[PDB]
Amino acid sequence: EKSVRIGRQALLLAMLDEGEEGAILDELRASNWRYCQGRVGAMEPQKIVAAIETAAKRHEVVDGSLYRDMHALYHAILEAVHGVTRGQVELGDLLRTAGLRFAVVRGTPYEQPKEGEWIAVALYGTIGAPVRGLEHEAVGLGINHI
């Protein structure tokens, strides 16, 4: 009964370049956890939330018709987005835009089997002015029971 850093897995999927994330994809392949990865460019924060919801449903990480799944996920997304905005969640209303990669991981990270499933949402990318090149990095992670 080993414990796993599910959040760090999600983050690595969001921040490692393609073909560097091989070992993560294999760990998740082994323990048979559901996950998805995606990208979103946004000036409205709801577009982030919807992108992640669209991806998680699409790759069967969560069931769009089951509120407990969607409630779990929604709260994780909002925690992740707070990491990126480092305060109030605003993009366009504060004249900034973000370009982000995301990952979502659903699994059983705890040693005790009774801890059940947990979900992780990671974000990594840039935030900046609406003009290319006037930006820096940002990150977030959200965790919730599911």
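Residues carry their position along the shown sequence, with the first being 1.
The question of which stretch, 85 to 93 or 60 to 68, has the higher mean Cα B factor is settled in favour of 60 to 68.
Relative to one another, 44 to 52 and 24 to 32 have unequal mean CA B-factors, and 24 to 32 is the one with the higher figure.
Per the deposited coordinates, the residue with the largest Cα temperature factor out of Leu16, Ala129, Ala138, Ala10 is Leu16. The entry lists a Cα temperature factor for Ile6 that places it in the middle third of the chain's modelled residues.
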